[PDB]
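Worksheet: the structure to be examined is printed underneath.
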Amino acid sequence: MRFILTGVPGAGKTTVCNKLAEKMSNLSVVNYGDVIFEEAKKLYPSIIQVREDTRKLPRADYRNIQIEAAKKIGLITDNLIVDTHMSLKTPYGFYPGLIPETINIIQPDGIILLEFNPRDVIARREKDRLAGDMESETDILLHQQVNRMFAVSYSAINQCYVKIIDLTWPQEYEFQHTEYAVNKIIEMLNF
Amino acid sequence: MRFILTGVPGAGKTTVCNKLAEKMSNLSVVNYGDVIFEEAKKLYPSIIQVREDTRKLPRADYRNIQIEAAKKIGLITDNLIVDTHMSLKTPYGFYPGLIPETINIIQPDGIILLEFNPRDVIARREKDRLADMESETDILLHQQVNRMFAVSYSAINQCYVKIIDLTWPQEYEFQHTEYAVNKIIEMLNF
Amino acid sequence: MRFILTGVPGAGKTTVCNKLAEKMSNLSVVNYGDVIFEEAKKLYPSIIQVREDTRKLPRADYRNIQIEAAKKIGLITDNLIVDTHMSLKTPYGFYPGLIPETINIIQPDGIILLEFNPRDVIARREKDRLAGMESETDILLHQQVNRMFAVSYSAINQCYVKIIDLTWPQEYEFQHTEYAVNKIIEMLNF
Ligand SMILES: [Cl-]
Ligand SMILES: [Cl-]
């Protein structure tokens, strides 16, 4: 099965993706931004050295590279988990990480939204910052509801599932959010 | 005029449909799930005996059946009211009840959402059971999701979105149903 | 750059536009409705005299005029700010202000939503009425729907969505308008 996994940045989605790769066999865990970076270096070796360079390209070339990455993802395997972002916040507002072509190509069975509590997100982002912009509770609640609207739109267009995993409850022990999300996702795949 | 009527399950949408079919003339009402069941028995008698059997079909066959059902619905009359669901909850998440083909075929003038209070929905669902047990948060989510789905379908197909508020407390039983029927009629005979 | 500016009616969206047109160089601010009205009197003088007369035209004629106006707007300038409405309320429900052709023609970089507090909007509308009546909940709904419409357009046409918050209390009159103008300018000169 194929699921696009998303959440607000730095909340622990990458932790879940890396931890999913160990526990599931014949499951592909892949980060969309990374494939975009690789194909951008391949097609524009001259310009692209750091992964921030994808910002600078012309939007037509960047969209072409997004399509190429969607193709590379499209044939990988049977079980896929695509780690990307419904939307990223910029000075000009929110911008979608996916283009319609990406979904048409990957043909995902579903979209998964990891919804955390804003306090946990702030504390986790500061924890990771200390280990190596500071948004407010309201900024993050917004970001999450907007991710929700984006996924529902993508579902209405491509007829795929919308699965909202709740991780807003208080942690009884550190890393319980990650474990619960991993277990729900696994439970979901092997149904 | 043509309106797709939706709400969360077991909330009283079917009652409103029955009462509209009674009070309204020159308007024919239909249940999408029932037509899907009929065409599934028609095209696949081997498998389809109960209306839950549609689950077992390959998704390609089920989509073909939805297409055929939409064709008959679109032809059925001039004024329509189609009882369907914006989205249904499954172990894999929410899934839209409509596919784009259904809307392109029926070309509804609008979509109508009956939005209830979760407490009313819980009490009504248990009342009907006596004649899964979701929580207030589950139901608020489901309805907000119905909202997003309807607005998306509107942006794509350039159609109306009418949200009927029934979250206020009932002064007498069956006032929600009455108010909804009256608003829908008022809207139709404009 | 091209931004479609939206908000609920009579909340001060037009004031933000007028003050921006005053403050920004090489910036043209234009109202979609006004171009629609002008081309409607030009092309259909018989029916169109007051700007409400746009109501009476056939929806085909109204759409053709919308296309002609969107053509004119995209043609009209370099730096643009288009004053419109994500959605308008009608007896049949909410209906979107933009058509797909409008966006394809204008190719806006983004959408901007001025989101107010319902009390501020109501009080501002009564202020404007007295100078020459929805409920708080009606307006919260209208705005959540505006939001959903903008997000849908965003997914379909890959444009920005900027939500400017004006629901805090005004410490002095015209602070909402001033803050919005400043945020938008800061955004433009990035
Ligand atoms: Cl019902
Ligand atoms: Cl205004």
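Quick note: the coordinates plus some simple rules give every number you see, no bench work behind them. No Cβ is skipped: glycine too gets one built from the backbone with ideal geometry, and neighbour counts run over all protein chains shown.
Classify the range B:130-190 from the C-alpha gyration tensor, please: rounded if a/c falls under 1.5, else prolate or oblate depending on whether a/b exceeds b/c.
Cα axes put the range B:130-190 in the oblate bin.
In what order do C:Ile185, A:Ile122, A:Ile111 fall by count of nearby beta-carbon atoms within 10 Å, going from fewest to most?
C:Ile185, A:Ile122, A:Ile111
In bins 10 Å wide, starting from 0, what share of all Cα pairs of the range A:66-183 does each bin hold, as a percent?
Binned Cα distances yield the sequence 11, 37, 35, 16, 0.
How far apart, in nm, are the 7 Å Cα→Cβ label points at A:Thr14 and C:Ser28?
4.5 nm
What residues have an amide H closer than 5 Å to that of B:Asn31, excluding those fewer than 5 places away on the same chain, when H is modeled at 1.01 Å from N in the peptide plane?
B:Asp83
Which value in deg cm²/dmol, rounded to the nearest 500, describes the helix-derived mean residue ellipticity at 222 nm for chain C, given -39,500 (n - 2.57) per DSSP H run of n ≥ 4 and division by the residue count?
Result for chain C: -16500 deg cm²/dmol, rounded to the nearest 500.
Quick one: which residues, 5 or more positions from B:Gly97 or on another chain, have an amide H under 5 Å from its amide H? H modelled 1.01 Å from N in the peptide plane, none for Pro or chain starts.
So B:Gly97 has HN proximity to B:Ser87, B:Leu88.
Within the range C:20-36, what residues put their amide N at less than 20 Å from the label point 7 Å along the Cα-to-Cβ vector of C:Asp53?
Of the residues in the range C:20-36, C:32-36 have backbone N under 20 Å from the label point off C:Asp53.
Given a Förster distance of 25 angstrom, what is the FRET efficiency for B:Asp128 paired with B:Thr90, based on the Cβ-Cβ distance and rounded to 0.05?
The value I calculate is 0.70.
Can you compute the charge dipole magnitude of the protein assembly as shown about its Cα centre, using +1 on each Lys and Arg Cβ and -1 on each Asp and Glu Cβ, nothing else charged? Give it in debye, rounded to the nearest 20.
On the way: 66 positive and 74 negative charges, 228 e Å.
Charge dipole of the protein assembly as shown: 1100 debye, to the nearest 20.
Highest mean first, what order results for B:144-152, C:68-76 on Cβ atoms within 10 Å?
Peptide ranking by packing, descending: B:144-152, C:68-76.
I'd like the antiparallel share, as a percent to the nearest 5, of DSSP beta bridges with both residues in chain C.
For chain C, the DSSP antiparallel bridge percentage is about 15.
Step through the residues of the range A:81-97 one at a time and calculate ³J(HN,Hα) from phi using the Karplus curve (6.51 cos²θ - 1.76 cosθ + 1.60, θ = phi - 60°), rounding each to whole Hz and writing x for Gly and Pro.
9, 9, 8, 9, 10, 3, 7, 10, 7, 9, x, 8, x, 7, 9, x, x
Charges at C-beta only: +1 for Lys and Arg, -1 for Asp and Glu. How large is the resulting dipole of the range B:106-155 about its Cα centre, in Debye rounded to 20?
80 debye
Find out how many positive minus negative residues lie around C:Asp34, taking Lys and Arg as positive, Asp and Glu as negative, among other residues whose Cβ is under 12 Å from that of C:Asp34.
On the way: positive: C:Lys41, C:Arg51, C:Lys72; negative: C:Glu38, C:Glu39, C:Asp83.
Around C:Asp34, the charge tally is 0.
Could you please state, rounded to a whole Å, how far the C-alpha centre of the range C:113-169 is from the C-alpha centre of the range A:119-147?
Answer, in whole Å: 26.
If you add up the charges near C:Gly10, with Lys and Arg at +1 and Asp and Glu at -1, over every other residue whose beta carbon is less than 14 angstrom from its beta carbon, what do you get?
+1
From other protein chains only, count the Cβ atoms within 10 Å of every residue's Cβ in C:89-101, then give the mean.
Mean inter-chain Cβ contacts per residue within 10 Å come to 5.
Once you list every other residue whose beta carbon is under 15 Å from the beta carbon of C:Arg55, what net charge do they have if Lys and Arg are +1 and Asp and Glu are -1?
Local charge sum for C:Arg55: +3.
For the range C:1-139, what is the charge dipole size about the Cα centre, in debye to the nearest 20, if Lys and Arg each add +1 at the Cβ and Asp and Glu each add -1 at the Cβ?
In debye, rounded to 20, the range C:1-139 gives about 200.
Holding the Cα-Cα limit at 26 Å, pick out from A:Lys89/B:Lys89; B:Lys71/B:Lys183; B:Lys71/B:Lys127; C:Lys41/C:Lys162; C:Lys13/C:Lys89; A:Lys56/A:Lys89 the pairs that are longer than that.
Result: A:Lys89/B:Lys89; B:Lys71/B:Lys183; B:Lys71/B:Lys127; C:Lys41/C:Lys162 exceed 26 Å.
Starting from the Cα of C:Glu186, step 7 Å toward the Cβ, then list every residue of the range A:78-119 with an amide N under 15 Å from that point.
The answer is A:90-93.
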